Amino acid sequence: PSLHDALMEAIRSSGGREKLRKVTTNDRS
Amino acid sequence: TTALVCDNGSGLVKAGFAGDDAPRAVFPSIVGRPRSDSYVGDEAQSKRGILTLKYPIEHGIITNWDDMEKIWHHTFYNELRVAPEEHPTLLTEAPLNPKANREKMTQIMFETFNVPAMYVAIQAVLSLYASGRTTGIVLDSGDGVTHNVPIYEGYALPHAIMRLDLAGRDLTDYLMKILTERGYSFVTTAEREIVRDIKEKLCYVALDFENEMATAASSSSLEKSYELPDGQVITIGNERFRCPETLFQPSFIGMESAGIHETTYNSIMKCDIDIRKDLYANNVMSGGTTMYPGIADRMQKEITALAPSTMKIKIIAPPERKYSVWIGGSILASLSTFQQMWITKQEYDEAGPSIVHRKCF
Ligand SMILES: Nc1ncnc2c1ncn2[C@@H]1O[C@H](COP(=O)(O)OP(=O)(O)OP(=O)(O)O)[C@@H](O)[C@H]1O
Ligand SMILES: [Ca+2]
Ligand SMILES: [Ca+2]
C-alpha cells in the first residue's frame with residue numbers, strides 16, 4: 001500500500017550480490 | 001539508462017554502474033597540487049612525494065567542495081568514461097550528514113554536472129541492503145570514521161547513531177608508530193603505504209588481548225615475515241593484533257571514547273526495547289576496517305558479555321564488505337520499484353536544492 005513497503009520487499013527478495021552482473025574492478029588500494 | 005553508483009569515502013572513491021556486482025573504479029579520494037594545476041586520485045598518489053595532497057572528505061563529511069568537484073569530474077570522465085547528462089547518479093552520504101551538505105551535493109550534481117536524476121543514500125543503510133536486510137544495526141568503519149547505525153525498515157534512527165572518531169587511517173598511523181618502536185623506520189609516504197599494506201595483509205583481532213600478548217612473548221608462533229618491495233624481509237609479531245586492538249580499546253591512541261563493542265551496545269540501548277532483539281541478531285559489519293580476521297568472533301564475545309544472557313547475538317560479516325556500501329547502492333539503483341524515487345532535473349527546477357530532504361530519507 002506504500003511504495004516504501006514495496007521497495008523494502010524488493011530489497012529483501014533481490015538475491016543480493018549473486019544476481020548482479022560480474023565485472024572487473026580497476027582497483028588502486 | 002544505466003544509473004551510476006558513486007560511494008565517496010574519506011579515503012577511497014568507489015564508483016561503477018548500478019546492476020554490477022563490484023565498482024569499476026576504486027581510487028584514493030585525494031587532490032594534489034605543486035608544493036599541471038591539480039592531480040586527482042590515482043595520478044596524485046603516483047607523484048605523492050612532489051605534491052601537497054588534500055582530502056576533501058574528512059571523517060566522512062565533504063569539507064572542500066572545490067576539490068570534491070574535481071573528484072567527481074575525475075570519476076565521471078576519467079574513470080567511468082561516461083557523460084553525466086545521460087546517467088542518473090546515486091551518491092552516498094555519511095550518517096547525520098549536515099542538511100546544508102546534502103543540498104550542495106544536489107546543487108552541484110544538477111547545475112554543474114547536469115545529471116538527469118540523482119539520489120543521496122546513507123552509506124550504512126546501503127550496507128544493510130547488500131546483506132538482504134532492511135532492519136538491523138550496521139557497524140561501518142572506513143578510513144576516517146566509524147559509526148553504529150541502527151535501522152528499522154530502511155530508516156536510520158538518528159538519536160541512536162553512535163560515532164567513533166577513529167578508523168583505518170588512525171590504525172595505519174598506529175601500526176607505523178609501534179613498528180618503529182620495535183626498531184624499524186617508516187617515515188616516507190612510500191613507507192607509510194607499506195605499513196598500510198602490512199596492516200591489511202597481516203593484522204588480525206585477538207580473541208583476548210592478554211592471552212595473545214602472552215603467546216607472542218613466549219614463542220614465535222604468531223610472527224609473520226613480510227617482504228618489502230626491494231626484497232628485504234622483516235618479521236611482524238604482536239603488532240599484528242595490537243594495531244586493530246585499538247578498535248576495542250581506543251586508549252591505545254589516547255582517545256577516551258568507548259570501543260566498537262560498547263558503541264554497538266550503547267546504540268542498541270538507545271533504541272526502543274521492542275526492536276533490540278532484531279538489532280542484536282542482525283549486526284552487519286561494513287567497511288574496509290571491519291576486514292580484520294577475528295573481528296566477528298571478538299565482537300560476538302564482547303557483545304555477549306554486555307547483553308542479557310538469553311539474547312541471540314549474530315555478527316554478519318560479508319566477505320565483500322569493504323565494498324558493501326557500493327554493492328548496496330548497486331542493488332538499490334537497479335530495482336524496478338526505486339525508479340520513482342530519483343530526484344529528476346524537472347523536480348529540481350521547481351523545488352530547488354532543498355528537494356533532497358523531501359525525496360531522500
Ligand atoms: N583487508 C583489510 N584489513 C584491514 N584494513 C583494511 C583492509 N582493506 C582495507 N582496509 C582499510 O579500509 C580503509 C578504507 O575503507 P573504506 O573504503 O570503507 O573507507 P572510506 O569510505 O574510504 O572512509 P570512511 O568510511 O571512513 O569515510 C583503509 O584504511 C584501508 O587501509
Ligand atoms: Ca565509507
Ligand atoms: Ca579506554
Side-chain angles (χ1 to χ4, degrees), chain B residues 9-11 58-61 93-97 122-128 131 133 135-152 155-171 174 205-209 241-273 275-292 294-308 311-318 321-322 324-325:
Chain B
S10 301
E58 311 179 59
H59 317 298
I61 311 292
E93 69 187 342
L96 303 166
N97 184 30
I122 299 180
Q123 288 141 9
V125 173
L126 294 180
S127 277
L128 195 78
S131 74
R133 290 173 182 73
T135 285
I137 181 155
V138 172
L139 169 68
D140 197 3
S141 186
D143 182 81
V145 69
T146 294
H147 289 98
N148 281 105
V149 177
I151 302 155
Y152 177 90
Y155 303 118
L157 306 167
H159 299 315
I161 293 177
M162 297 285 154
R163 198 171 74 229
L164 170 61
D165 285 299
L166 175 169
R169 197 173 311 179
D170 311 275
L171 305 194
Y174 181 62
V205 173
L207 189 62
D208 185 83
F209 180 71
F241 57 89
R242 289 166 60 207
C243 164
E245 183 71 20
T246 307
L247 289 160
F248 299 87
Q249 177 51 267
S251 285
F252 274 109
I253 64 169
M255 296 194 42
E256 297 315 287
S257 323
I260 57 175
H261 59 298
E262 200 164 343
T263 58
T264 296
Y265 168 75
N266 288 348
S267 175
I268 296 191
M269 297 293 301
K270 296 290 289 184
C271 290
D272 188 290
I273 193 152
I275 78 164
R276 294 183 193 159
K277 171 170 183 301
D278 286 333
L279 298 185
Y280 271 120
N282 288 295
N283 207 145
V284 175
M285 293 204 297
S286 67
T289 296
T290 67
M291 289 290 296
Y292 295 99
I295 195 168
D297 299 342
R298 175 71 170 276
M299 191 68 47
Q300 176 86 21
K301 173 191 154 209
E302 292 294 353
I303 290 176
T304 296
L306 293 170
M311 189 76 56
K312 181 62 175 194
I313 316 288
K314 185 178 183 187
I315 310 306
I316 298 107
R321 60 189 176 280
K322 57 181 188 172
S324 274
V325 174

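In what follows, every chain begins at residue 1, and chains take the letters A, B, ... in the order their sequences are listed.
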From [atom1] ([X]) to [atom2] ([Y]), nearest 0.5 Å:
| X | Y | atom1 | atom2 | result |
| --- | --- | --- | --- | --- |
| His159(B) | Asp272(B) | NE2 | CG | 13.0 Å |
| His59(B) | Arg169(B) | NE2 | CZ | 8.5 Å |
| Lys312(B) | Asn282(B) | NZ | CG | 11.5 Å |
| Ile253(B) | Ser251(B) | CD1 | OG | 9.5 Å |
| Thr304(B) | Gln300(B) | OG1 | CD | 4.5 Å |
| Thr263(B) | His147(B) | OG1 | NE2 | 10.5 Å |

Side-chain donor-acceptor pair present, [X], [Y], cut-off under 3.5 Å:
| X | Y | value |
| --- | --- | --- |
| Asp143(B) | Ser10(B) | no |
| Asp278(B) | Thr135(B) | no |
| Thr146(B) | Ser141(B) | yes |

For residues [X] and [Y], report the shortest heavy-atom separation together with the two atoms involved.
| X | Y | result |
| --- | --- | --- |
| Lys322(B) | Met291(B) | N-SD, 4.0 Å |
| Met285(B) | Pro318(B) | O-CD, 3.7 Å |
| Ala156(B) | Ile122(B) | CB-CD1, 4.2 Å |
| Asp140(B) | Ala124(B) | OD2-N, 3.9 Å |
| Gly60(B) | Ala94(B) | O-CB, 3.3 Å |
| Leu139(B) | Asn283(B) | N-ND2, 4.4 Å |

Problem - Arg298(B)/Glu245(B) ion pair, N-O < 4.0 Å - result: yes

Problem - With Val138(B), the side chain to side chain contact (heavy atoms under 4.5 Å, CB included) member among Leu126(B), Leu128(B), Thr264(B) - result: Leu128(B)

Practice task
Decide side chain to side chain contact (heavy atoms under 4.5 Å, CB included) for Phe248(B) and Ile260(B); before the verdict, give the C-alpha distance in whole Å, the side-chain angles of both, and the deciding distance to 0.1 Å.
Solution key: CA-CA 6 Å; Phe248(B) 299 87; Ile260(B) 57 175; 3.9 Å; yes

Can you check whether [Y]'s main-chain N or O pairs, donor with acceptor, with [X]'s side chain at less than 3.5 Å?
| X | Y | result |
| --- | --- | --- |
| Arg321(B) | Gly288(B) | no |
| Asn97(B) | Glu93(B) | no |
| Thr246(B) | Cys243(B) | yes |
| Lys270(B) | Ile161(B) | no |
| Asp170(B) | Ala167(B) | yes |
| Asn148(B) | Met162(B) | no |
| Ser127(B) | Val325(B) | yes |

Taking [atom1] in [X] as the centre, count heavy atoms belonging to other residues, nucleotides or ligands within less than 6.0 Å. Is the count above 12?
| X | atom1 | result |
| --- | --- | --- |
| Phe209(B) | CZ | yes |
| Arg276(B) | CZ | yes |
| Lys301(B) | NZ | yes |

Exercise for the section: Start with the C-alpha gap between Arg133(B) and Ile316(B), add the side-chain angles, then the distance that decides, and say whether side chain to side chain contact (heavy atoms under 4.5 Å, CB included) holds. Expected result: CA-CA 11 Å; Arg133(B) 290 173 182 73; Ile316(B) 298 107; 3.5 Å; yes

So [Y] and [X], do their side chains get closer than 4.5 Å, heavy atoms only?
| X | Y | answer |
| --- | --- | --- |
| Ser257(B) | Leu166(B) | no |
| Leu171(B) | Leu247(B) | yes |
| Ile268(B) | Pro150(B) | no |

Handout entry: Test log, rule side chain to side chain contact (heavy atoms under 4.5 Å, CB included), inputs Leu157(B) and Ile275(B)
Key = CA-CA 11 Å; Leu157(B) 306 167; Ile275(B) 78 164; 3.6 Å; yes

Handout entry: Aromatic plane relationship, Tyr280(B) with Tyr265(B) - under 30° parallel, 30 to 60° tilted, over 60° perpendicular
Key = tilted

